[PDB]
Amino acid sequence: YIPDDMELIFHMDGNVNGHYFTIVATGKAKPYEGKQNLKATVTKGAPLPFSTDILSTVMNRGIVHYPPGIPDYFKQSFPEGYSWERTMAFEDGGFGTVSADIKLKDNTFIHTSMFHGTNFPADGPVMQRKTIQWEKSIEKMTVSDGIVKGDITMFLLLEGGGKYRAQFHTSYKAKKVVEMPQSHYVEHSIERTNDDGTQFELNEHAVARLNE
């Protein structure tokens, strides 16, 4: 169901601080190597008047290198696929909620999402677009209520050398019964490039481990 090379299609509807936008994107993945990239176009509400980095993690835990011996919930969910919901907290009281649906068709993941971010200070690093890159992070994966949950403590590097702290909780729901993983970790390396506020690129590598 999940071949070695895949195409990616994205649609995102969102709102940050009352500014509405839409993003389309296309890209490619090698799911077993935990690699993916995309290029995105803002088709409504461009240029984005906030940090792209608050939505880069919106645009698939199926694209993770899983070694033998940890059950892969995400890859096993296909063909039915899976959805997820995320709560995002930030140190200055900004917050956001995300819903995403991942469908598999014709060696493509079709990823549709809705993102609401609010309560970001007008003069803060998000609304002033002063963020650089997320630091590499470690998502702790646990099982409760028959589903998978992920928790991340995250740091967004800022222009001038500070950090803007975040904490992300995600609930991941398979559309069928699958073998459940033990507690494990997913290491995430995400980069944003070529961002002019109307188009931008992203890439990620993600690997699952049993310890840290």
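For every residue, the number given is its place in the sequence shown, counted from 1.
Missing deposited residues between residue 59 and residue 60: 1 to 3, all without coordinates in the entry. The mean C-alpha temperature factor is higher for 64 to 72 when 43 to 51 and 64 to 72 are set side by side. As recorded in the PDB entry, 121 to 129 is the stretch of 95 to 103 and 121 to 129 with the greater mean C-alpha temperature factor. Based on the entry's C-alpha B-factors, the most elevated value among 28, 169, 176, 165 belongs to 176. For the set 134, 78, 90, 115, the maximum C-alpha B-factor listed in the entry falls on 78. Annotation for residue 210: C-alpha temperature factor in the highest third relative to the rest of the modelled chain, per the entry. In this PDB entry, the Cα temperature factor of residue 160 sits in the top third of its chain's modelled residues, the highest group. Residue 152: CA B factor lies in the lowest third for its chain, per the PDB record.
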